[PDB]
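So this first bit is one chain, no partners, the form deposited in one PDB entry, shown in structure tokens.
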């Protein structure tokens, strides 16, 4: 009861099959039999479809597959066996799949990949996922024999009990290596085997409390590793310092991320300057999200971090409860062009210190999105200390009504006031602006003349009148959806002579014909420009559909 499209793509998904359907053809290119009750797959179940390029067998209850079940699938590029009941993999399965590009074996209860190298024959393999949560317990030297380059290899071994050294060393080039480890017992040697191949290493769920550095005795390897990411990791002030020492081998590391990690800190840890690292190679981007520091004052005078960021260009510390980025700390950030402290507890008085005189000398973009700032003027005033600043995001902050005059950094051309609760826009906003987002507020009208404005975002408001075209002589983009606009003055969009894109949907457009003429005739002559589609209130029919005599 499977249905195929004219292109040879058949759906069999969730159809209660207890066995592969009979009478398949060589016309099929993609066969999806996910979520079925297919316990056994015989020698001849898939013998016909010799031109199959995609086989989706995910989450079916497969626990038995004959060694040569896939003997005629020489054109198969995508095989998905994840989440089944395979507790033993057979090398005979992958033998005839020299055209295999994607192999997902994750989610099955096997304990190891088996006694025979399963992938030597897969010469065009680009993606491979293996392992599980409860039982995968051993990686061995024969496991990846025959694998030269993989764009991605995911290994889930949260229950790993033993890793044979050099197991991953045979692989020449791994673009993205995702490892799920519950502890750090084998992280070091693993790290010694991937220094030549891994460009992006992603560590998930690892408790690194007991990590300890030791000199990697692998021959001079110019690690091509550009990105390193930790997710849901447990760290300590001690183990953290241990990790830092690892950088000497990944001289090219440019991006580091820490997602949902907890940093446990204690006072008993206080080494001299010899133990600590203050050289951060080429690390130029630091992203930190949802970082939990149980007890922050249990950290000695944090000067240890001042020499690490001299060269950092981009930093993001979000939703990690930051209330202060100490002045001296900021002055050390000589190269910082981008700083994103979204979702923290920043307020004027502490911002003042964070953005002191020589704070962030080169900052161009500063994001203080969800914080506790309350005065627009006060914030612009405090930020005057920043001379290179060109972009500022202070959206999602609850501000008081803005004055008629304000002081903002001079080169500022981007100001985001989205979701800030304002009800009125005054001249506090500079004429120097190029991009302005006051979308999702409480505005009734926009009367600000900004001659250099190229983009205005004013969606999600209550404007009953479209802002006069002469206000933005050279506008390229206007976003005024989700408002209360019922109509537009004849010829107004033809007055936006640089307009390239415009959002008008979610507005109650009055489509009676005397009125809606120009607007409808305009949407027809400029469909390319309208993003999304404005409909008529009442019928819901697209405005452009209306024609008047």
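We call the rigid core the largest set of C-alpha positions that still match within 1.5 Å between the two forms. Numbering follows the first chain given and starts at 1.
One more form of this protein should be noted, the form deposited with a partner chain bound, which is absent from this view; the next part is about it.
Colleague: Heavy atoms within 4.5 Å of the partner chain in the deposited bound form: does residue 449 have any?
Modeller: Flag for residue 449 set to no.
Colleague: Residue 134 near the partner chain in the deposited bound form, any heavy atom under 4.5 Å?
Modeller: So residue 134 does not count as contacting the partner chain.
Colleague: Answer yes if any heavy atom of residue 175 is within 4.5 Å of a heavy atom of the partner chain in the deposited bound form; otherwise answer no.
Modeller: No, residue 175 sits far enough from the partner chain in the deposited bound form that none of its heavy atoms falls within 4.5 Å.
Colleague: Just to confirm, residue 292 within 4.5 Å of the partner chain in the deposited bound form by heavy atoms?
Modeller: Close contact exists here: in the deposited bound form, residue 292 approaches the partner chain to within 4.5 Å, heavy atoms only.
Colleague: Could you tell me if all three of 82, 130 and 204 have a heavy atom no more than 4.5 Å from the partner chain in the deposited bound form?
Modeller: No, the candidate spot makes no contact with the partner chain.
Colleague: Would you point out which of 238-246, 420-428, 83-91, 297-305 contains residues with a non-hydrogen atom within 4.5 Å of the partner chain in the deposited bound form?
Modeller: Stretch 297-305 is the one.
Colleague: Could you tell me which one of 345, 115, 251, 474 places a heavy atom within 4.5 Å of the partner chain in the deposited bound form?
Modeller: Residue within 4.5 Å of the partner: 345.
Colleague: Identify which of 273, 349, 444, 410 has a heavy atom within 4.5 Å of the partner chain in the deposited bound form; exactly one of them does.
Modeller: Residue within 4.5 Å of the partner: 349.
Colleague: Superposing on the core, which single option in 166, 407, 116, 295 has a CA shift of 2 Å or more between the shown form and the other one?
Modeller: Once the cores are aligned, the residue moving by 2 Å or more is 295.
Colleague: After superposing the rigid core, is the C-alpha displacement of residue 249 2 Å or more between the shown form and the other one?
Modeller: No, the C-alpha moves less than 2 Å.
Colleague: On a core-based superposition, does residue 305 travel 2 Å or more at its Cα between the shown form and the other one?
Modeller: No; that C-alpha moves by less than 2 Å between the shown form and the other one.
Colleague: Taking the rigid core as the reference frame, tell me whether residue 281 has a CA displacement of 2 angstroms or more between the shown form and the other one.
Modeller: Result for residue 281: no, shift under 2 Å.
Colleague: Knowing the shift is 3 Å or more, I'd like to know if the C-alpha atoms of residue 242 and residue 299 are closer or farther apart in the deposited bound form than in the shown chain.
Modeller: Compared with this form, residue 242 and residue 299 lie farther apart in the deposited bound form.
Colleague: Between the shown chain and the other structure, the Cα gap of residue 281 to residue 278 differs by 3 Å or more. Is it closer or farther in the deposited bound form?
Modeller: Nearer in the deposited bound form, by 3 Å or more.
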